[PDB]
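Notes for the one structure printed next.
Numbers and lists here come from the model and the stated rules, or from a named source; nothing here is a laboratory result. As a convention, Cβ positions derive from the backbone with ideal geometry for all residues, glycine included, and neighbour counts pool all protein chains shown.
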Ligand code: HEA
Ligand code: HEA
Ligand code: CUA
Ligand SMILES: [Ca+2]
Ligand SMILES: [Cu+2]
Ligand SMILES: [Mg+2]
């Protein structure tokens, strides 16, 4: 791949839109977090809507666990949590830290 | 004298092992097992004299 | 000159060959420790930061701009460690104008030395056999499996040429602090040189499997000043 | 020849249904191998009068 | 029962016969090394009442058993004959009766080597059986003849198996597998078989020359008669360095499988690994006189041989940097094959760096026939090839046996052999750099200090071998229960981070070779219809 | 916005390789300038005191 | 899982202890008489000779390692 | 943009303890014969 | 053909060999040969009857193995195209191994001859050794080998061309010329001045050309079994692979005899 970041996001948006079951959305999410970039907010949003279409709730929690493991800081994680807050509360998924508080 | 089809019809339509399927196999296979059975165990009888150091009689 | 208990380095040098061998070994060990530190640091940091990594970057396969670098960089470090090695190799081979020849013939489990220059007033060739002192006849203070009954005595600050052969099997005339190791094969005559820089006594051993007396086959070289060498040679 | 499939049929030795314990066969297979140089040592020391 | 195992013609049975013989002979060679190292523990006669001939005979037996009867029939004989047909999708090997005689000529080499020990005094000559010590004047009797016949029967086995391997992977590959799409272990066995085919002839010629010198009054290496033993050194070591690359290249293949399946990411630059292995195999024929630096060559001879011995550090460096790159960025699952592979990646590089210290003929005058050389080669042998052999066993044993091993006992065994081997072979560099020669049963008293700690480490190594014997017993008896309880790792790959535990259950194995897709213990007719590959 | 967070393995392997060469460099430089250039100095002060004991 | 690191630490230290103990018990089966040179007095009397012969000047020459 | 803490801080606080751990593991993996020599009688202690 | 009937065959072109006793029988014969020769070489056995018995058992067990190979290839139809390609590749790797044995022997000759010893006199061939002149009988031995190849070439191409008498006669001429060469080598070995004990010269000379002699007597044997199988109609016009391996074997023994000729008889005299 000589891919730019924008070709990555436009590839994986339409890749998440064409997943049709739980094997495919988990597979596509796996091989989009297996790159050397945190995904853009738009493709994480598309991943959340795709896990909504297949009706699996822990994958939409594991999305946020994955980007917690994937970002460099905790303020990048909080920046994702800021403007991904509306889609997260609209879908109604909880983050793992507030679901299993230690 | 071109027995090859007649021998194909024996070797394919047979139950015996492949080295037994020819009619003349009892003439080869029964002496060979005796010659082989003495040929593999007679040096093993000389192994203890070779360990002890006893050479055979030549003079 | 002699091994010491629990040692981990070379014996102390006595010739320029051995003191060059030590410097080449340390120069090689420098870059060897660089490479060892690199690969051990990578092998530590990778299994300590990716054992707890739950997402594997499974699309990293090529790396074109750095495969050429880790092909090229071992080659230039081979060139750097190979530059002094060739200089030492082509310095240690020349035996130019020696002031003494000594033949050393390995028989089965003794060495036989032969000064053959007729610089004596006797004018005859000097030979003797040097056997290991056996363990039951070691008088007190002697070094076990190293001391001999007769000795090879050599003057200092003298280019000496050792011509080495054998009589029945392959032996090895080897003294490490002088830095000579030379195979005694029963067909041919090899030569090495030395210049002993300090007086003393230097031990060595047969470093080639001769048979059942292979451990009992030592070399002992007393390097003295040239007056004392002459007064030793006047007897034998 | 058609041979039997399964879990224990790939080995030349018997493990499960035996009238003797298997550890007999298992550890006597390896103790003989560990004991060949000791038989070697014994006969080449008896030949050299050390025993 | 007699037709399956005596009259055998399937490769998967001949492989386990190879493995049984290999581990038997490895117990024999480890006992011999325990006797060697127990005699070497302190100055003076300790256990063998003097009798340095018996010491030399034990050193010969240790080297020959561990090389030609453990590592070659283990790696090539067991793992190649088992896995190369299963990984190229072949139903069996080409030429299977050849494949059976290449096993059954190994117990006969074993019995003639053991009676070589039992006749007059044994052949105490080193494993490189040099004339004139190996002649009829210095070794009277049938000892060396029987050792030479042991080498002949082992060379017959490893030549027939090499022909078998070359033809069965050039001819019986399944119907999508081009040569570029081969697994790395198949390329290992392939290149190893070419090295065998090109190198075993010259060894057979040299030791048949020696046998005719001993018994038929001919003079190839008899000096009073026109011979030269340096001809024997050339003819031996032209086999002898290809032999030691034969010992290590299937280890490279096993490590490249293990590291990738326990890093959960593919090997960094696979075709460059194939090129590197082929370059090592090609360049291994050009370096044979680095074992002959002392014998009296020219200076330009030794200059070329330092250059050529040095430039094999480039493809091995490419392989080892590629192994570090294929564990970088991974998800390491620390199982026992992964522990053995990481220990390989450290200790083999230490042995190789002492190897490039030895590559300089300028410097090898300080280290030849010392215990430094013993340190180099026992690193790259008993920590390269033995560690890759243990990795292959712990990597393939539950698949091809159907029975899992105790994981905690396996890791205890790994840590014990990793401690014990270091404690044996790390002080040997100190002894060799201080001047301690090889093949001596007794030494000066100044060498006692590291010899004692080395023979203490010897007991740790054989204790871990005894633990490995118990691990085999527990696998054979309780191997069906180790799947049920939590005594073993059932899946060598965990789920990925977003892969459900139920979505993992439809795709339990994720491998790039056929070996882990088969039925456990694999069928007597695997591949009735041929496997297919894009 | 959220600016693109890319290339952490790139700068991670770059700092890892630089750190590995620097740690190997300090080990090797200790080897040379602290063991080798002590053995050399203990040798050469002996040779220089011998060359004055011979007057 | 749940205390098996401790198990394969205790097993390693137990294997080390068993190996040391069995090494001792089969060192008890060796030759009862060590060579005469392996005591302190012989090694001082060898360092006598080595000091007289200027052996190993910048390293060390001392041979005493026993009691 | 460069959101958050600096990468020199983020990777220094990760790489600094592993340097010390690597130093400890390397010195026990290489300098373990020093622990035998220290207790040997050749040190005359 | 239908699926029901295609399912009654193998689905892959490769020979699944039936279990056979001759691997372990030849292995025990090699054991008995090794253990017999190592004890008759040193006098622990009275006569050579054990070595004779062991070599006889080895030869007959190899013959029974080859009989089973002939039975599989002719009377069971088990050698498909892939099996033929594999057998040809295995024989090519075999002849490469034997060329490498001869390369080791040529290395021995050259290491003795490039700079000889002082115990022979810095001389090659050594002093007192009456060397075999390359003009008399070894020239006839090169001629009857270059001609034997020319006979077996037309015998092969007439086997392909449908001729029976022109192939059998060419095979017969090839076999008789090979045994002419073997008897001429026996005559040279009898009327040779030096023996194998006469120093390193006799060693390397008789080693090289005696290994070639042994390969030629096995060549005469396989030319005989090819004549037998061609007369008894086993060999066919498109499927004759043992014949092809024998042709490859003749044409490599020809070129290594030429190297033996120009090295051992022209450069080394
Ligand atoms: C295969 C190579 C190999 C291996 C593994 C070993 C293993 C050992 N060797 Fe040696 N050795 C040689 C090859 C090897 N050696 C050679 C070539 C020589 C030269 C001979 C000569 O000079 O002529 C030599 C000589 C040699 C010397 C030099 C002595 C001399 O010069 O005379 C010493 C020193 O003590 C020694 C000791 C040991 C010890 C204590 C082990 C211990 O490491 C043993 C511990 C190892 C294990 C416990 C391995 C596990 C055992 C298995 C059976 C594996 C089973 C696993 C499966 C089947 C999956 N051997
Ligand atoms: C397992 C088999 C094996 C392997 C793989 C090797 C690998 C090497 N060996 Fe060794 N060797 C033996 C088995 C083996 N050896 C045996 C059995 C003996 C003694 C025989 C006897 O006498 O009985 C022996 C002895 C031996 C000698 C003879 C010395 C003597 O007898 O006096 C020499 C001489 O050059 C040598 C050198 C090398 C080199 C240069 C490598 C190289 O292939 C190693 C390459 C690996 C590396 C170099 C490390 C990794 C690379 C990097 C990290 C890249 C950066 C490094 C650099 C640029 C240097 N070894
Ligand atoms: Cu002379 Cu070893
Ligand atoms: Ca001893
Ligand atoms: Cu080599
Ligand atoms: Mg040597």
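What is the one condition in (1) farther than 25 Å from residue E:15 by Cβ; (2) surrounded by 24 or more Cβ atoms within 10 Å (Cβ to Cβ) that residue E:378 does not satisfy?
Unmet for residue E:378, out of (1) farther than 25 Å from residue E:15 by Cβ; (2) surrounded by 24 or more Cβ atoms within 10 Å (Cβ to Cβ): (2).
Given C:174, C:215, which one is more than 22 Å from residue E:299 (Cα to Cα) and either within 16 Å of ligand 6 (Cβ to nearest atom) or surrounded by fewer than 24 Cβ atoms within 10 Å (Cβ to Cβ) (or both)?
That would be C:215, the only listed residue that is more than 22 Å from residue E:299 (Cα to Cα) and either within 16 Å of ligand 6 (Cβ to nearest atom) or surrounded by fewer than 24 Cβ atoms within 10 Å (Cβ to Cβ) (or both).
Only one of (1) assigned to a loop (DSSP other than H, G, I, E, B); (2) surrounded by 16 or more Cβ atoms within 10 Å (Cβ to Cβ) is not met by residue I:128, so which one is it?
Unmet for residue I:128, out of (1) assigned to a loop (DSSP other than H, G, I, E, B); (2) surrounded by 16 or more Cβ atoms within 10 Å (Cβ to Cβ): (2).
Since residue E:359 meets every condition but one in (1) within 10 Å of ligand 1 (Cβ to nearest atom); (2) farther than 25 Å from residue E:15 by Cα; (3) touching a residue at least 60 places away in the same chain (Cβ under 8 Å), which condition does it not meet?
Condition not satisfied by residue E:359: (1).
Of the numbered conditions (1) touching a residue at least 12 places away in the same chain (Cβ under 8 Å); (2) surrounded by 17 or more Cβ atoms within 10 Å (Cβ to Cβ); (3) under 18 Å from the mean Cα position of the chain (by Cα), residue C:89 fails exactly one; give the number of that condition.
Failing condition for residue C:89: (1).
Could you check the range I:164-202 and list, in sequence order, the residues that are within 22 Å of residue E:227 (Cα to Cα) and either free of Cβ contacts under 8 Å to residues at least 60 places away in the same chain or more than 14 Å from every other protein chain (Cβ to nearest Cβ) (or both)?
Hits for the range I:164-202 are I:192, I:193, I:195, I:196, I:197.
For the subset of the range E:126-146 comprising residues that are surrounded by 24 or more Cβ atoms within 10 Å (Cβ to Cβ) and more than 7 Å from every other protein chain (Cβ to nearest Cβ), which member is farthest from residue I:38 (Cα to Cα)?
Checking each candidate, the answer is E:131.
Somewhere in the range E:72-93, is a residue surrounded by fewer than 24 Cβ atoms within 10 Å (Cβ to Cβ), within 9 Å of chain I (Cβ to nearest Cβ) and part of a helix (DSSP H, G or I)?
no
Mind listing whichever residues of the range D:31-51 are more than 8 Å from chain E (Cβ to nearest Cβ) and assigned to a loop (DSSP other than H, G, I, E, B)?
D:49, D:51
Looking for something surrounded by fewer than 20 Cβ atoms within 10 Å (Cβ to Cβ), over 16 Å from the mean Cα position of the chain (by Cα) and part of a loop (DSSP other than H, G, I, E, B) - is there at least one such residue anywhere in the range C:179-188?
Scanning the range C:179-188 turns up at least one residue that is surrounded by fewer than 20 Cβ atoms within 10 Å (Cβ to Cβ), over 16 Å from the mean Cα position of the chain (by Cα) and part of a loop (DSSP other than H, G, I, E, B).
Just checking, does the range E:255-276 include any residue being more than 14 Å from chain I (Cβ to nearest Cβ) and within 16 Å of ligand 6 (Cβ to nearest atom)?
no
Which of the following residues is within 16 Å of ligand 2 (Cβ to nearest atom) and within 23 Å of residue G:10 (Cα to Cα): E:410, E:421?
So the residue among E:410, E:421 that is within 16 Å of ligand 2 (Cβ to nearest atom) and within 23 Å of residue G:10 (Cα to Cα) is E:421.
Okay, residues lined up against (1) more than 7 Å from chain I (Cβ to nearest Cβ); (2) outside any helix (DSSP H, G or I); (3) out of contact with any helix residue (DSSP H, G or I) (no Cβ under 8 Å at 6 or more places or on another chain); (4) on the phi < 0 side of the Ramachandran plot:
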| site | (1), (2), (3), (4) |
| --- | --- |
| B:15 | yes, yes, yes, yes |
| B:22 | yes, yes, no, yes |
| B:34 | yes, no, yes, yes |
| B:39 | no, no, no, yes |
| B:46 | no, no, no, yes |
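Check off (1) within 10 Å of chain C (Cβ to nearest Cβ); (2) buried (at least 21 other Cβ atoms within 10 Å of the Cβ); (3) part of a helix (DSSP H, G or I) for residue E:303 and give me the number that stays unchecked.
Against the list (1) within 10 Å of chain C (Cβ to nearest Cβ); (2) buried (at least 21 other Cβ atoms within 10 Å of the Cβ); (3) part of a helix (DSSP H, G or I), residue E:303 comes up short only on (2).
Within the range C:139-151, is even one residue away from chain G (no Cβ under 14 Å), in contact with a strand residue (DSSP E or B) (Cβ under 8 Å, 6 or more places away or on another chain), farther than 18 Å from residue C:20 by Cβ and away from ligand 1 (no atom under 16 Å from the Cβ)?
Yes, some residue in the range C:139-151 is away from chain G (no Cβ under 14 Å), in contact with a strand residue (DSSP E or B) (Cβ under 8 Å, 6 or more places away or on another chain), farther than 18 Å from residue C:20 by Cβ and away from ligand 1 (no atom under 16 Å from the Cβ).
Check off (1) free of Cβ contacts under 8 Å to residues at least 12 places away in the same chain; (2) surrounded by fewer than 23 Cβ atoms within 10 Å (Cβ to Cβ); (3) within 16 Å of ligand 6 (Cβ to nearest atom) for residue E:49 and give me the number that stays unchecked.
Evaluating residue E:49 over (1) free of Cβ contacts under 8 Å to residues at least 12 places away in the same chain; (2) surrounded by fewer than 23 Cβ atoms within 10 Å (Cβ to Cβ); (3) within 16 Å of ligand 6 (Cβ to nearest atom) leaves (3) as the failure.
Does at least one position in the range E:9-18 carry a residue that is away from ligand 3 (no atom under 16 Å from the Cβ), out of contact with any helix residue (DSSP H, G or I) (no Cβ under 7 Å at 6 or more places or on another chain) and free of Cβ contacts under 8 Å to residues at least 12 places away in the same chain?
Taking every residue of the range E:9-18 in turn, none turns out to be away from ligand 3 (no atom under 16 Å from the Cβ), out of contact with any helix residue (DSSP H, G or I) (no Cβ under 7 Å at 6 or more places or on another chain) and free of Cβ contacts under 8 Å to residues at least 12 places away in the same chain.
Would you check which residues across the range E:250-280 are closer than 16 Å to residue E:197 by Cβ and either out of contact with any helix residue (DSSP H, G or I) (no Cβ under 9 Å at 6 or more places or on another chain) or surrounded by fewer than 24 Cβ atoms within 10 Å (Cβ to Cβ) (or both) and list them?
Listed by number, the list holds a single entry, E:278.
Quick check, is residue C:179 away from ligand 2 (no atom under 16 Å from the Cβ), touching a helix residue (DSSP H, G or I) at 6+ places or on another chain (Cβ under 8 Å) and not assigned by CATH to the domain that holds residue C:22?
So residue C:179 does not fit the description; no.
Any idea which of C:198, C:161, C:144 is in contact (Cβ under 8 Å) with a residue 60 or more places away in the chain, away from ligand 6 (no atom under 16 Å from the Cβ) and either in a loop (DSSP other than H, G, I, E, B) or surrounded by 20 or more Cβ atoms within 10 Å (Cβ to Cβ) (or both)?
Exactly one residue qualifies, and that residue is C:198.
Any residue that is crowded, with 19+ Cβ neighbours inside 10 Å, assigned to a helix (DSSP H, G or I) and either in contact (Cβ under 8 Å) with a residue 12 or more places away in the chain or outside the structural domain of residue C:113 (by CATH) (or both) - is there at least one of those in the range C:47-68?
Yes: one or more hits.
If a residue counts only when it is within 8 Å of ligand 2 (Cβ to nearest atom), within 11 Å of another protein chain (Cβ to nearest Cβ) and under 22 Å from residue E:67 (Cα atoms), which helices (runs of 4 or more DSSP H) contained entirely in the range E:339-401 have at least 1 such residues?
Those helices (runs of 4 or more DSSP H) span E:371-379.
Residues that are within 25 Å of the chain's Cα centre (by Cα), within 10 Å of ligand 1 (Cβ to nearest atom) and surrounded by fewer than 21 Cβ atoms within 10 Å (Cβ to Cβ): does the range E:404-420 have at least one?
The answer is no; no qualifying residue exists.
From E:31, E:63, which residue is facing another protein chain (nearest Cβ under 8 Å), in a helix (DSSP H, G or I) and away from ligand 4 (no atom under 16 Å from the Cβ)?
Result: E:31 is the single residue among E:31, E:63 that is facing another protein chain (nearest Cβ under 8 Å), in a helix (DSSP H, G or I) and away from ligand 4 (no atom under 16 Å from the Cβ).
Residue under question is residue E:295, and the condition is that it be surrounded by fewer than 22 Cβ atoms within 10 Å (Cβ to Cβ), in contact with a strand residue (DSSP E or B) (Cβ under 9 Å, 6 or more places away or on another chain), on the phi < 0 side of the Ramachandran plot and in contact (Cβ under 8 Å) with a residue 60 or more places away in the chain; does it hold?
Against the criterion (surrounded by fewer than 22 Cβ atoms within 10 Å (Cβ to Cβ), in contact with a strand residue (DSSP E or B) (Cβ under 9 Å, 6 or more places away or on another chain), on the phi < 0 side of the Ramachandran plot and in contact (Cβ under 8 Å) with a residue 60 or more places away in the chain), residue E:295 qualifies.
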